[PDB]
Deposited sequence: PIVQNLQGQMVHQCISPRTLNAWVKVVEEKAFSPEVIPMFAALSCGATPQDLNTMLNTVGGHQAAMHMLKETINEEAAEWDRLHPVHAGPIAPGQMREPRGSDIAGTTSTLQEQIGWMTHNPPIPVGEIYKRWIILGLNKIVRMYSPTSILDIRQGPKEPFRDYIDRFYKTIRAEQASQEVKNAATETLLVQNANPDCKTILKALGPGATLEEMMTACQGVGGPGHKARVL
């Protein structure tokens, strides 16, 4: 990544073994549960496009998903090239060239070029741009791998209200990577109590009532 040193200047630092291992392990343990995306964003803080590719490429499983991600990336890269065309021909000697989509995605750009863009004044934040494309792709994957419709999250006859609401908001989070449906999907006993509370009741108030 690119970080500020002790002196106060933006320099490249090697991606740490701790960062590499943390990402690989989150994917192994959590697959594409929604919370994997904020972990990715945090572990890739200050990442160059090279670092972002490293993180994605170190994943061994889920290769269908990783192929789907590459498709989203290529779509975003094509849209970048449409909005920001780069003049062809020979570059001015010793001057910074403009990044194409594939340069932002780290496939046709060198690390030195990536560092040049990211530390320029004004900076072309190719790492942040690429990360946005990756997260767009990861959001689609999270939605794809969401196992259950929110319509099928219903409280069991003996299921505690707290456990039901946890499943409900867990599913909501996965499905769109509400209080009315929550009441509708509650069990008969709890539903009667929730209907008595009236409109505008907070989740906190609903929990206390069915507890």
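Inset, instruction - Enumerate the deposited-sequence segments absent from the coordinates, judged by C-alpha atoms, in order of position. - result: Deposited residues absent from the model fall in 178-185, 220-231.
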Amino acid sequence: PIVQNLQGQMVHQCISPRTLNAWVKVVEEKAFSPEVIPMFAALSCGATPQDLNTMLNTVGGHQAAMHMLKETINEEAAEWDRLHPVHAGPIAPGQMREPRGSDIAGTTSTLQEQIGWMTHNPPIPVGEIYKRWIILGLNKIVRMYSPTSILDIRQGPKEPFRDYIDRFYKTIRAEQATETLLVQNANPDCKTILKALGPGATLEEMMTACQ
From here on, numbers count along this sequence of modelled residues.
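Legend entry - Average Cα temperature factor in the PDB entry - higher stretch of 80-88, 133-141: Looking at the recorded C-alpha B-factors, 80-88 comes out higher on average.
Inset, instruction - On mean C-alpha B-factor from the PDB entry, just flag whether 108-116 or 89-97 is the higher one. - result: Per the PDB record, 89-97.
Inset, instruction - Rank-wise, by C-alpha B-factor, drop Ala177 into the lowest, middle or highest third of its chain. - result: Top third by C-alpha B-factor.
Legend entry - Chain third (lowest, middle, highest) by recorded CA B-factor, residue given as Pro125: Ranked within chain, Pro125 CA B lands in the middle tercile.
Inset, instruction - Classify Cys14 as lowest, middle or highest third according to the C-alpha B-factor given in the PDB entry, relative to its own chain. - result: Within its chain, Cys14 is a middle-third residue by C-alpha B-factor, going by the deposited values.
Inset, instruction - Within this chain's modelled residues, let me know which third the CA B factor of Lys70 belongs to: lowest, middle or highest. - result: Middle third by C-alpha B-factor.
Legend entry - Modelled-residue ranking by C-alpha temperature factor, third containing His62: According to the entry, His62 has a C-alpha B-factor in the chain's lowest third.
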